[PDB]
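Have a look at model26.txt below; it lists compact mmCIF, C-alpha atoms.
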```txt
# COMPACT_ATOMS: atom_id res chain seq x y z
CA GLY U 9 125.90 2.58 -15.65
CA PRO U 10 122.47 0.91 -15.14
CA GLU U 11 121.75 -2.85 -15.53
CA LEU U 12 120.29 -2.36 -19.07
CA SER U 13 120.64 -6.10 -20.02
CA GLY U 14 118.04 -7.30 -17.47
CA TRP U 15 119.99 -10.37 -16.23
CA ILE U 16 120.34 -9.32 -12.55
CA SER U 17 116.63 -8.29 -12.24
CA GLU U 18 115.63 -11.67 -13.80
CA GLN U 19 117.95 -13.73 -11.47
CA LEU U 20 116.68 -11.75 -8.39
CA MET U 21 112.99 -12.12 -9.55
CA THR U 22 113.32 -15.90 -10.29
CA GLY U 23 115.30 -16.52 -7.05
CA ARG U 24 118.72 -17.63 -8.43
CA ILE U 25 120.43 -14.69 -6.60
CA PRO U 26 119.20 -13.73 -3.04
CA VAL U 27 117.43 -10.43 -2.17
CA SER U 28 119.81 -9.90 0.85
CA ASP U 29 122.86 -9.98 -1.52
CA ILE U 30 122.02 -6.54 -3.07
CA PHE U 31 119.52 -5.04 -0.51
CA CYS U 32 121.33 -4.58 2.88
CA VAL U 50 95.35 -24.41 3.50
CA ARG U 51 92.53 -26.47 1.79
CA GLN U 52 92.36 -28.69 -1.38
CA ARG U 53 89.93 -28.46 -4.35
CA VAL U 54 88.74 -31.81 -5.80
CA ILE U 55 88.77 -31.98 -9.64
CA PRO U 56 87.12 -35.02 -11.31
CA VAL U 57 89.22 -36.84 -13.94
CA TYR U 58 86.56 -38.56 -16.12
CA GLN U 59 87.68 -41.88 -17.70
CA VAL U 60 85.97 -42.65 -21.05
CA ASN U 61 86.43 -44.77 -24.23
CA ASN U 62 85.18 -42.08 -26.70
CA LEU U 63 87.79 -39.46 -25.65
CA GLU U 64 88.12 -38.01 -29.19
CA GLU U 65 84.27 -37.78 -29.46
CA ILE U 66 83.76 -36.18 -25.98
CA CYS U 67 86.48 -33.56 -26.67
CA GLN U 68 84.64 -32.58 -29.92
CA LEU U 69 81.44 -31.99 -27.86
CA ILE U 70 83.59 -29.90 -25.41
CA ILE U 71 85.09 -27.64 -28.18
CA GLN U 72 81.58 -27.10 -29.75
CA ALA U 73 80.20 -26.06 -26.30
CA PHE U 74 83.07 -23.54 -25.83
CA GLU U 75 82.53 -22.28 -29.43
CA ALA U 76 78.77 -21.79 -28.65
CA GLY U 77 79.73 -19.74 -25.54
CA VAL U 78 78.57 -22.20 -22.82
CA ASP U 79 79.80 -21.07 -19.39
CA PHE U 80 80.35 -24.33 -17.51
CA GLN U 81 81.64 -22.29 -14.60
CA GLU U 82 82.78 -25.02 -12.22
CA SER U 83 82.70 -27.93 -14.63
CA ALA U 84 85.07 -25.80 -16.71
CA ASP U 85 88.25 -27.26 -15.20
CA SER U 86 87.17 -30.92 -15.82
CA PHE U 87 86.23 -30.50 -19.52
CA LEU U 88 89.42 -28.47 -20.17
CA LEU U 89 91.44 -31.22 -18.35
CA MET U 90 89.94 -33.77 -20.83
CA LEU U 91 91.29 -31.79 -23.85
CA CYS U 92 94.81 -31.73 -22.30
CA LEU U 93 94.63 -35.54 -21.80
CA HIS U 94 93.63 -36.22 -25.44
CA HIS U 95 96.42 -34.04 -26.89
CA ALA U 96 99.40 -33.92 -24.44
CA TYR U 97 98.88 -37.29 -22.66
CA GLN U 98 97.30 -39.21 -25.68
CA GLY U 99 94.61 -40.69 -23.36
CA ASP U 100 96.95 -42.02 -20.61
CA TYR U 101 95.45 -41.28 -17.16
CA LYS U 102 98.24 -42.97 -15.11
CA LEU U 103 100.96 -40.98 -16.99
CA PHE U 104 99.00 -37.71 -16.38
CA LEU U 105 98.50 -38.40 -12.61
CA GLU U 106 102.28 -39.09 -12.37
CA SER U 107 103.49 -36.06 -14.44
CA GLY U 108 105.15 -32.99 -12.86
CA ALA U 109 102.15 -30.77 -13.77
CA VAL U 110 99.79 -32.72 -11.42
CA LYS U 111 102.59 -33.08 -8.78
CA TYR U 112 102.76 -29.23 -8.54
CA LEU U 113 98.95 -28.80 -8.48
CA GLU U 114 98.62 -31.44 -5.69
CA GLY U 115 100.94 -29.35 -3.46
CA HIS U 116 99.14 -26.07 -4.30
CA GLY U 117 95.45 -26.61 -3.32
CA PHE U 118 94.34 -29.20 -5.92
CA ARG U 119 93.22 -32.86 -5.70
CA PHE U 120 92.65 -35.22 -8.70
CA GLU U 121 89.91 -37.88 -8.29
CA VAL U 122 89.55 -40.60 -11.01
CA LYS U 123 85.90 -41.32 -11.93
CA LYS U 124 85.06 -44.06 -14.45
CA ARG U 125 82.25 -43.33 -16.96
CA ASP U 126 81.09 -45.69 -19.72
CA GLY U 127 78.47 -44.99 -22.40
CA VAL U 128 78.70 -41.16 -22.43
CA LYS U 129 76.97 -39.46 -25.41
CA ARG U 130 76.08 -36.03 -23.88
CA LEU U 131 78.10 -33.57 -21.68
CA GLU U 132 75.05 -33.55 -19.32
CA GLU U 133 76.02 -37.13 -18.22
CA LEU U 134 79.40 -35.81 -16.94
CA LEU U 135 77.95 -32.73 -15.07
CA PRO U 136 77.72 -32.97 -11.22
CA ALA U 137 74.45 -32.70 -9.22
CA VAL U 138 73.63 -29.10 -8.08
CA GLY U 141 74.14 -24.98 -12.15
CA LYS U 142 70.75 -25.42 -13.91
CA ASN U 143 71.65 -23.13 -16.88
CA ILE U 144 74.48 -25.45 -18.16
CA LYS U 145 72.10 -28.38 -19.02
CA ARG U 146 69.62 -25.84 -20.57
CA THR U 147 72.23 -24.07 -22.83
CA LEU U 148 73.64 -27.49 -23.95
CA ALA U 149 70.05 -28.69 -24.71
CA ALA U 150 69.39 -25.63 -27.00
CA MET U 151 72.72 -26.30 -28.88
CA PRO U 152 72.24 -27.60 -32.49
CA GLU U 153 73.45 -31.06 -33.69
CA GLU U 154 76.14 -30.20 -36.34
CA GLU U 158 85.89 -29.19 -37.53
CA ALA U 159 89.03 -28.73 -35.30
CA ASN U 160 90.88 -30.92 -32.70
CA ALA U 161 91.55 -30.61 -28.89
CA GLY U 162 95.21 -29.64 -29.55
CA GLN U 163 94.26 -26.74 -31.92
CA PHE U 164 91.90 -25.39 -29.19
CA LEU U 165 94.75 -25.48 -26.60
CA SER U 166 97.35 -23.85 -28.96
CA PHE U 167 94.84 -21.10 -29.95
CA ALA U 168 94.08 -20.36 -26.22
CA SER U 169 97.89 -20.14 -25.58
CA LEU U 170 98.03 -17.27 -28.17
CA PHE U 171 96.03 -15.18 -25.54
CA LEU U 172 98.73 -15.42 -22.75
CA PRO U 173 101.16 -12.79 -24.24
CA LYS U 174 98.95 -9.72 -23.55
CA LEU U 175 96.06 -11.25 -21.44
CA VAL U 176 96.68 -9.04 -18.32
CA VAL U 177 97.12 -5.87 -20.53
CA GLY U 178 93.49 -5.53 -21.73
CA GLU U 179 90.93 -7.02 -24.15
CA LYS U 180 91.73 -4.84 -27.28
CA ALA U 181 95.49 -5.27 -26.66
CA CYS U 182 95.02 -9.04 -26.19
CA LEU U 183 92.85 -9.69 -29.30
CA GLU U 184 95.01 -7.43 -31.53
CA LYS U 185 98.10 -9.48 -30.43
CA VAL U 186 96.05 -12.67 -31.19
CA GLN U 187 95.13 -11.38 -34.73
CA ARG U 188 98.83 -10.43 -35.39
CA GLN U 189 100.27 -13.79 -34.16
CA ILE U 190 97.78 -15.92 -36.25
CA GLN U 191 99.16 -14.41 -39.53
CA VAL U 192 102.79 -14.90 -38.27
CA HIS U 193 101.99 -18.64 -37.71
CA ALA U 194 100.31 -18.80 -41.20
CA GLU U 195 103.06 -16.92 -43.20
CA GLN U 196 105.62 -19.50 -41.84
CA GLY U 197 103.28 -22.51 -42.35
CA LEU U 198 103.39 -23.64 -38.69
CA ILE U 199 99.56 -23.83 -38.08
CA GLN U 200 96.26 -22.62 -39.67
CA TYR U 201 93.16 -22.14 -37.44
CA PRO U 202 89.50 -22.33 -38.67
CA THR U 203 88.31 -18.81 -39.80
CA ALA U 204 85.25 -19.37 -37.49
CA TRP U 205 87.77 -18.87 -34.61
CA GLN U 206 89.36 -15.66 -36.06
CA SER U 207 86.00 -13.84 -35.42
CA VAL U 208 85.83 -11.14 -32.66
CA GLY U 209 83.05 -13.02 -30.80
CA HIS U 210 84.91 -16.37 -30.43
CA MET U 211 88.14 -14.55 -29.42
CA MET U 212 86.14 -12.72 -26.66
CA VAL U 213 84.60 -16.08 -25.50
CA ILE U 214 88.19 -17.53 -25.25
CA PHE U 215 89.51 -14.30 -23.58
CA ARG U 216 86.81 -14.51 -20.85
CA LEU U 217 87.70 -18.25 -20.37
CA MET U 218 91.48 -17.56 -20.20
CA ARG U 219 90.90 -14.59 -17.84
CA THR U 220 88.89 -16.51 -15.22
CA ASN U 221 90.15 -20.15 -15.66
CA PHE U 222 93.43 -20.59 -13.73
CA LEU U 223 94.14 -24.30 -14.61
CA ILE U 224 94.16 -23.79 -18.45
CA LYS U 225 96.71 -20.96 -18.03
CA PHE U 226 98.97 -23.14 -15.77
CA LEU U 227 98.72 -26.31 -17.93
CA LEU U 228 99.74 -24.31 -21.03
CA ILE U 229 102.46 -22.49 -19.01
CA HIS U 230 103.87 -25.75 -17.43
CA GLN U 231 103.99 -27.26 -20.98
CA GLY U 232 105.77 -24.21 -22.44
CA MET U 233 108.23 -24.28 -19.50
CA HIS U 234 108.91 -28.09 -19.58
CA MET U 235 108.64 -29.53 -23.16
CA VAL U 236 111.41 -30.60 -25.56
CA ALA U 237 109.41 -29.91 -28.77
CA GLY U 238 109.28 -31.10 -31.48
CA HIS U 239 107.48 -31.19 -34.82
CA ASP U 240 103.91 -31.14 -33.36
CA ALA U 241 102.46 -27.80 -34.59
CA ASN U 242 100.30 -27.12 -31.47
CA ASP U 243 103.11 -27.72 -28.90
CA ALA U 244 105.42 -25.35 -30.88
CA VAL U 245 102.70 -22.62 -30.73
CA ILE U 246 102.33 -23.21 -26.95
CA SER U 247 106.20 -23.03 -26.57
CA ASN U 248 106.45 -19.63 -28.40
CA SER U 249 103.35 -18.14 -26.70
CA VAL U 250 104.60 -19.21 -23.21
CA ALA U 251 108.07 -17.69 -23.99
CA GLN U 252 106.36 -14.46 -25.20
CA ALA U 253 104.32 -14.33 -21.93
CA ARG U 254 107.52 -14.26 -19.77
CA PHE U 255 107.41 -11.28 -17.33
CA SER U 256 104.00 -10.13 -18.72
CA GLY U 257 102.44 -7.36 -16.60
CA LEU U 258 105.74 -7.07 -14.64
CA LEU U 259 107.73 -5.49 -17.54
CA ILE U 260 107.47 -1.87 -16.26
CA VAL U 261 108.68 -2.87 -12.72
CA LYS U 262 111.48 -5.05 -14.30
CA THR U 263 112.80 -2.11 -16.40
CA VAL U 264 112.54 0.17 -13.28
CA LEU U 265 114.57 -2.37 -11.17
CA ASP U 266 117.11 -2.50 -14.08
CA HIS U 267 117.53 1.32 -13.94
CA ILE U 268 117.78 1.52 -10.08
CA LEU U 269 120.72 -1.01 -10.20
CA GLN U 270 124.21 0.54 -10.56
CA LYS U 271 126.96 -1.51 -12.29
CA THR U 272 130.50 -0.73 -11.04
CA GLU U 273 134.03 -2.23 -11.63
CA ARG U 274 133.64 -4.61 -8.60
CA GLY U 275 130.05 -5.81 -9.22
CA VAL U 276 126.35 -4.91 -9.02
CA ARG U 277 125.06 -2.62 -6.21
CA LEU U 278 121.92 -0.56 -5.35
CA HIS U 279 121.83 3.08 -6.63
CA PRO U 280 123.12 5.60 -3.97
CA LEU U 281 119.86 7.66 -4.24
CA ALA U 282 117.84 4.59 -3.05
CA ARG U 283 120.16 4.22 0.02
CA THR U 284 119.16 7.75 1.29
CA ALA U 285 116.94 8.28 4.41
CA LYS U 286 114.04 9.76 2.33
CA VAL U 287 113.63 6.60 0.12
CA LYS U 288 114.56 3.96 2.88
CA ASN U 289 110.83 3.16 3.70
CA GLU U 290 109.97 2.43 0.01
CA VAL U 291 113.12 0.27 -0.56
CA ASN U 292 112.02 -1.91 2.44
CA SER U 293 108.52 -2.36 0.88
CA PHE U 294 110.09 -3.21 -2.54
CA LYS U 295 112.47 -5.93 -1.18
CA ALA U 296 109.55 -7.46 0.86
CA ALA U 297 107.52 -7.76 -2.41
CA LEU U 298 110.55 -8.99 -4.44
CA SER U 299 111.18 -11.74 -1.80
CA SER U 300 107.51 -12.93 -2.12
CA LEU U 301 107.89 -13.11 -5.93
CA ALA U 302 111.28 -14.99 -5.73
CA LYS U 303 109.68 -17.74 -3.56
CA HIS U 304 107.83 -18.90 -6.75
CA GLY U 305 111.11 -20.04 -8.32
CA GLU U 306 110.85 -20.74 -12.07
CA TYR U 307 107.12 -19.73 -12.12
CA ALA U 308 108.04 -16.06 -11.25
CA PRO U 309 107.76 -14.54 -14.86
CA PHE U 310 104.17 -15.89 -15.08
CA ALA U 311 103.15 -14.61 -11.55
CA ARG U 312 100.88 -11.72 -12.74
CA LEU U 313 99.41 -14.00 -15.49
CA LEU U 314 98.74 -16.80 -12.92
CA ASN U 315 97.64 -14.29 -10.14
CA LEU U 316 100.19 -15.73 -7.64
CA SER U 317 100.57 -14.78 -3.91
CA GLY U 318 101.79 -11.23 -3.33
CA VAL U 319 102.03 -10.08 -6.96
CA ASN U 320 99.78 -6.99 -6.42
CA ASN U 321 102.30 -5.58 -3.88
CA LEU U 322 104.79 -5.36 -6.81
CA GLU U 323 103.06 -2.57 -8.83
CA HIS U 324 105.28 0.18 -10.39
CA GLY U 325 102.82 2.84 -9.12
CA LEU U 326 103.17 1.72 -5.45
CA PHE U 327 106.89 2.79 -5.69
CA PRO U 328 106.94 6.42 -7.10
CA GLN U 329 110.36 7.34 -5.55
CA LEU U 330 112.00 4.25 -7.18
CA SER U 331 110.15 5.15 -10.45
CA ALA U 332 111.66 8.71 -10.21
CA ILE U 333 115.30 7.40 -9.79
CA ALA U 334 114.70 4.88 -12.67
CA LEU U 335 113.40 7.56 -15.11
CA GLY U 336 116.17 10.00 -14.07
CA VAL U 337 118.97 7.51 -14.92
CA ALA U 338 117.14 6.67 -18.22
CA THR U 339 116.68 10.41 -19.22
CA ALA U 340 120.48 10.93 -18.85
CA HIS U 341 121.05 8.24 -21.57
CA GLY U 342 118.31 9.71 -23.84
CA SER U 343 116.08 6.61 -23.43
CA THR U 344 112.45 6.70 -22.16
CA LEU U 345 110.47 4.37 -19.85
CA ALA U 346 107.13 3.14 -21.25
CA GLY U 347 104.35 3.16 -18.64
CA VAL U 348 106.32 5.30 -16.13
CA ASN U 349 104.57 8.61 -15.19
CA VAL U 350 106.57 10.50 -12.49
CA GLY U 351 104.62 13.24 -10.69
CA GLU U 352 105.64 16.78 -9.65
CA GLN U 353 106.27 15.68 -5.99
CA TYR U 354 108.89 13.12 -7.15
CA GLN U 355 110.08 15.31 -10.12
CA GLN U 356 112.75 16.78 -7.79
CA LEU U 357 114.13 13.18 -7.35
CA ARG U 358 113.94 12.69 -11.18
CA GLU U 359 116.09 15.88 -11.72
CA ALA U 360 118.69 14.81 -9.09
CA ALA U 361 118.97 11.27 -10.64
CA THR U 362 119.55 12.72 -14.17
CA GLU U 363 122.44 14.98 -12.94
CA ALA U 364 124.13 12.24 -10.80
CA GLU U 365 124.15 9.89 -13.88
CA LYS U 366 125.49 12.81 -16.06
CA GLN U 367 128.56 13.14 -13.74
CA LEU U 368 130.27 9.89 -14.85
```
Before we go any further, please render this structure as structure tokens.
Amino acid sequence: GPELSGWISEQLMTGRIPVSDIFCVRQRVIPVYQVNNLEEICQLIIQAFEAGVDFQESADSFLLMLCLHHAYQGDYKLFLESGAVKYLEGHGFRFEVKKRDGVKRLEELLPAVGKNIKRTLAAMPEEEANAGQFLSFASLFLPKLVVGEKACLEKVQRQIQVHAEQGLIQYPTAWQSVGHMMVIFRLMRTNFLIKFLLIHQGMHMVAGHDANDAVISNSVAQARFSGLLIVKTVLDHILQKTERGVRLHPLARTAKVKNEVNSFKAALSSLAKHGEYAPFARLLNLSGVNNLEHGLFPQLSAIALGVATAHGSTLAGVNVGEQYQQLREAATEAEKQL
């Protein structure tokens, strides 16, 4: 019987159960701008992102201001002390507090270099939503972000109606347009920090009746093991459950597969070092996540599909070739003799 629940593969992946139990630097300075008109500045930030302004570098700073207004209510000392910053500080990030008074344009916050940013902001016209709504809407992208653009936006269109037919939150219809969704997709795809700050919040937040934080909570929970689902269902099928406990499938213990099983455990160990941040590894592009692709292990994919075929169930995203088809046929028969 295979580990169809998914508990063991989750515990192994997170790092709660060791890999050996079954199988046997430079910092980046980010400016934290201190202002009085935090609500006003954040409105000028949202408008710029709506317009499609690519701040590139200064993207982290202006996004960090939106998170301060909503999640930290304008408290700099509480933000610099929070667990989110504590993790970032030990993972190649440094937060420098810079005081700024009398700021009326985003050009006053921009660092000296990036000539197109001040030009695009100058051409912007002078004429609806809050910082929190922006953050919660961007969190709706996380579920299917790594999948593809069409798959991501479709999931975004579907979720919006779910949140509206339950009265949790209603977003401006100017956001529901293809163009603005694509602008936010491109931002979420390239900007690491926004993904992590939404993820850290979804992971560590006892919400609550705040509509935006509840949307972040659900979206972060939906994004768990995103882009690692195929390899998680494969690991679930290559795990044999006996009367004593859980053990590796006999077909993986053979001399022919031995080299691949060694590569798999080396990639599973790298993933498990991330602790609680392991389900979001592909989403966050963490160290050694690319070595954990389902395609890189076609012998383990053959044993996984074989065991599944015996039970009548299929594996979505698993395409076993002719070369490994022999191993698929042997795995089906071994599971049939129960």
Give one line per residue of segment 123-220 of chain U that approaches segment 54-64 of chain U to at most 9 Å, naming the two atoms of the closest pair and their distance in Å to one decimal, counting all atoms listed in the file; sort by chain then ascending residue number and deliver it as a Markdown table.
```
| residue | atom | partner | partner_atom | distance |
| --- | --- | --- | --- | --- |
| U:123 | CA | U:58 | CA | 5.1 |
| U:124 | CA | U:59 | CA | 4.7 |
| U:125 | CA | U:60 | CA | 5.6 |
| U:126 | CA | U:60 | CA | 5.9 |
| U:127 | CA | U:60 | CA | 8.0 |
| U:128 | CA | U:60 | CA | 7.5 |
| U:129 | CA | U:62 | CA | 8.7 |
| U:134 | CA | U:58 | CA | 7.7 |
| U:160 | CA | U:64 | CA | 8.4 |
| U:161 | CA | U:64 | CA | 8.2 |
```
How would the residues just chosen look if you wrote them out with C-alpha atoms as a compact mmCIF listing (two decimals), in the frame of the given file?
```txt
# COMPACT_ATOMS: atom_id res chain seq x y z
CA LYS U 123 85.90 -41.32 -11.93
CA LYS U 124 85.06 -44.06 -14.45
CA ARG U 125 82.25 -43.33 -16.96
CA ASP U 126 81.09 -45.69 -19.72
CA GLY U 127 78.47 -44.99 -22.40
CA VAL U 128 78.70 -41.16 -22.43
CA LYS U 129 76.97 -39.46 -25.41
CA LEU U 134 79.40 -35.81 -16.94
CA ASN U 160 90.88 -30.92 -32.70
CA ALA U 161 91.55 -30.61 -28.89
```
So which residues touch segment 186-197 of chain U within 8 Å, counting only C-alpha atoms, skipping near sequence neighbours fewer than 6 positions away, as number ranges by chain? U: 170-171, 206
Hey, can you check how far atom CA of residue 100 of chain U sits from atom CA of residue 217 of chain U?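 About the pair atom CA of residue 100 of chain U and atom CA of residue 217 of chain U: they are 25.5 Å apart.
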From the list U:175, U:338, U:66, U:258, which residue is nearest residue 214 of chain U when using only C-alpha atoms? U:175
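With atom CA of residue 24 of chain U on one side and atom CA of residue 244 of chain U on the other, the separation reads 27.2 Å.
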Should you be able to, write segment 172-187 of chain U of this structure into a file that contains N, CA, C and O atoms, as a PDB file, in the first residue's frame.
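Saved as part08.pdb:
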```
ATOM      1  N   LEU U 172       0.077  34.005  -5.903  1.00  0.00           N
ATOM      2  CA  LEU U 172       0.883  32.922  -5.316  1.00  0.00           C
ATOM      3  C   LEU U 172       0.414  31.453  -5.594  1.00  0.00           C
ATOM      4  O   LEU U 172       1.297  30.624  -5.820  1.00  0.00           O
ATOM      5  N   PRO U 173      -0.880  31.157  -5.605  1.00  0.00           N
ATOM      6  CA  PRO U 173      -1.342  29.773  -5.804  1.00  0.00           C
ATOM      7  C   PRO U 173      -0.759  29.056  -7.034  1.00  0.00           C
ATOM      8  O   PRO U 173      -0.312  27.914  -6.930  1.00  0.00           O
ATOM      9  N   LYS U 174      -0.780  29.729  -8.180  1.00  0.00           N
ATOM     10  CA  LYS U 174      -0.412  29.159  -9.483  1.00  0.00           C
ATOM     11  C   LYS U 174       0.642  29.992 -10.254  1.00  0.00           C
ATOM     12  O   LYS U 174       0.819  29.794 -11.462  1.00  0.00           O
ATOM     13  N   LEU U 175       1.369  30.877  -9.537  1.00  0.00           N
ATOM     14  CA  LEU U 175       2.426  31.758 -10.064  1.00  0.00           C
ATOM     15  C   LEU U 175       3.501  31.030 -10.895  1.00  0.00           C
ATOM     16  O   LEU U 175       3.786  31.452 -12.013  1.00  0.00           O
ATOM     17  N   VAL U 176       4.065  29.936 -10.360  1.00  0.00           N
ATOM     18  CA  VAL U 176       5.122  29.135 -11.002  1.00  0.00           C
ATOM     19  C   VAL U 176       4.611  28.303 -12.206  1.00  0.00           C
ATOM     20  O   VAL U 176       5.410  27.906 -13.058  1.00  0.00           O
ATOM     21  N   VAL U 177       3.294  28.022 -12.246  1.00  0.00           N
ATOM     22  CA  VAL U 177       2.618  27.218 -13.272  1.00  0.00           C
ATOM     23  C   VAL U 177       2.720  27.858 -14.664  1.00  0.00           C
ATOM     24  O   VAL U 177       3.222  27.220 -15.586  1.00  0.00           O
ATOM     25  N   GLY U 178       2.265  29.098 -14.790  1.00  0.00           N
ATOM     26  CA  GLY U 178       2.270  29.845 -16.042  1.00  0.00           C
ATOM     27  C   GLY U 178       1.350  31.041 -15.940  1.00  0.00           C
ATOM     28  O   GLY U 178       0.541  31.098 -15.013  1.00  0.00           O
ATOM     29  N   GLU U 179       1.450  31.999 -16.886  1.00  0.00           N
ATOM     30  CA  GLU U 179       0.632  33.214 -16.861  1.00  0.00           C
ATOM     31  C   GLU U 179      -0.881  32.949 -16.973  1.00  0.00           C
ATOM     32  O   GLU U 179      -1.611  33.398 -16.089  1.00  0.00           O
ATOM     33  N   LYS U 180      -1.344  32.228 -18.031  1.00  0.00           N
ATOM     34  CA  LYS U 180      -2.764  31.898 -18.243  1.00  0.00           C
ATOM     35  C   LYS U 180      -3.320  31.187 -17.029  1.00  0.00           C
ATOM     36  O   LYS U 180      -4.340  31.621 -16.501  1.00  0.00           O
ATOM     37  N   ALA U 181      -2.618  30.140 -16.552  1.00  0.00           N
ATOM     38  CA  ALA U 181      -3.000  29.364 -15.372  1.00  0.00           C
ATOM     39  C   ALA U 181      -3.063  30.228 -14.112  1.00  0.00           C
ATOM     40  O   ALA U 181      -3.948  30.026 -13.277  1.00  0.00           O
ATOM     41  N   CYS U 182      -2.147  31.209 -13.992  1.00  0.00           N
ATOM     42  CA  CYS U 182      -2.115  32.101 -12.842  1.00  0.00           C
ATOM     43  C   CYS U 182      -3.291  33.064 -12.839  1.00  0.00           C
ATOM     44  O   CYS U 182      -3.994  33.135 -11.831  1.00  0.00           O
ATOM     45  N   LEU U 183      -3.511  33.793 -13.961  1.00  0.00           N
ATOM     46  CA  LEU U 183      -4.578  34.786 -14.095  1.00  0.00           C
ATOM     47  C   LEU U 183      -5.963  34.175 -14.008  1.00  0.00           C
ATOM     48  O   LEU U 183      -6.847  34.777 -13.395  1.00  0.00           O
ATOM     49  N   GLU U 184      -6.155  32.982 -14.595  1.00  0.00           N
ATOM     50  CA  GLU U 184      -7.425  32.253 -14.548  1.00  0.00           C
ATOM     51  C   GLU U 184      -7.797  31.948 -13.094  1.00  0.00           C
ATOM     52  O   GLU U 184      -8.928  32.234 -12.684  1.00  0.00           O
ATOM     53  N   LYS U 185      -6.804  31.457 -12.303  1.00  0.00           N
ATOM     54  CA  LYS U 185      -6.906  31.162 -10.870  1.00  0.00           C
ATOM     55  C   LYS U 185      -7.239  32.444 -10.089  1.00  0.00           C
ATOM     56  O   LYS U 185      -7.985  32.389  -9.110  1.00  0.00           O
ATOM     57  N   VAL U 186      -6.682  33.595 -10.528  1.00  0.00           N
ATOM     58  CA  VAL U 186      -6.907  34.917  -9.935  1.00  0.00           C
ATOM     59  C   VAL U 186      -8.353  35.355 -10.204  1.00  0.00           C
ATOM     60  O   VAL U 186      -9.023  35.774  -9.267  1.00  0.00           O
ATOM     61  N   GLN U 187      -8.849  35.184 -11.447  1.00  0.00           N
ATOM     62  CA  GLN U 187     -10.227  35.515 -11.839  1.00  0.00           C
ATOM     63  C   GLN U 187     -11.249  34.664 -11.066  1.00  0.00           C
ATOM     64  O   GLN U 187     -12.287  35.189 -10.656  1.00  0.00           O
TER      65      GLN U 187
END
```
